[PDB]
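Just the one chain here, the form deposited in one PDB entry, laid out as structure tokens.
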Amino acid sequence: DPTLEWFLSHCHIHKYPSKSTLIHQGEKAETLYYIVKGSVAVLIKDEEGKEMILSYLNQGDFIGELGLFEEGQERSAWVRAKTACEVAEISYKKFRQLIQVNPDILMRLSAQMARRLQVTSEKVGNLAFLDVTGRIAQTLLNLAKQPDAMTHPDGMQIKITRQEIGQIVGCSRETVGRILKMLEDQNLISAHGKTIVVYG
């Protein structure tokens, strides 16, 4: 779209290698991010260090928008890179100015926030209403419908650790591994290492 090259034209483009940190929880927020290319993960932590992924984010997504509305706000979560990234970055102070010339970009953001709120809420009912099995099941399903999913003769093929599915459904990596074995025991999937074939 037209207003994109414009917005982009006023941003600092930065790169972040996979596994790195773009945003740190608790720090003063003054910057806005826009993923130009790559995937990141939004995570929160417990006192011990156990992580909980709240979302994944991709091209076309803004990051660090939450601290843009109320003075002296802190980052609400850690944001780490899943792959290599190319993020457009801009100063809140700056951004505020762009949306005056054109509030339409502010709209584009608010929409995202709306979608985000929808899914988080959806994620709340999930933790409240489904048991691990169901949560893992719904996850392999979502994962398989993703574009980065590999096409395989018996269904779709994904790659991910028991550990990370655990940080997604909110359980222990041990519980994942066991539910996994059961889902295979029931001929629903077929896992070998990080590779899981979700049968169709």
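A residue's number is simply how far along the shown sequence it sits, counting from 1. Under this definition, the rigid core comprises the largest set of C-alpha atoms superposing within 1.5 Å between the forms.
Undergrad: Give the stretch, out of 144 to 152 and 37 to 45, with the larger mean C-alpha temperature factor in the deposited entry.
TA: According to the PDB entry, the answer is 144 to 152.
Undergrad: If you take the mean CA temperature factor per stretch, which one wins between 66 to 74 and 129 to 137?
TA: Between 129 to 137 and 66 to 74, it is 66 to 74.
Undergrad: Which listed residue, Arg80, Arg116, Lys123, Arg108, has the largest C-alpha temperature factor in the record?
TA: In the PDB entry, the greatest C-alpha B-factor among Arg80, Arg116, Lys123, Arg108 is found at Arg108.
Undergrad: Taking the Cα B-factors listed in the entry, which of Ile23, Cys11, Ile189, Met182 comes out highest?
TA: That would be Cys11.
Undergrad: How does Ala29 rank on Cα B-factor within its chain, lowest, middle or highest third?
TA: Tercile = highest for this residue's CA B-factor.
Undergrad: Compare the C-alpha B factor of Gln59 with those of the other modelled residues in its chain, then answer lowest, middle or highest third.
TA: Its C-alpha B-factor belongs to the highest third of this chain's values.
Undergrad: Where does the C-alpha B-factor of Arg173 rank in its chain, lowest, middle or highest third?
TA: For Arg173, whose C-alpha B-factor we compare with every modelled residue in the chain, the answer is the lowest third.
This protein has a second form, the form deposited in another entry, left out of what is shown; the following refers to that one.
Undergrad: Fix the rigid core, compare C-alpha positions between the shown form and the other one, and report which of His152, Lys159, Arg173, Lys45 shifts by 2 Å or more.
TA: With the rigid core fitted, the residue that moves is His152.
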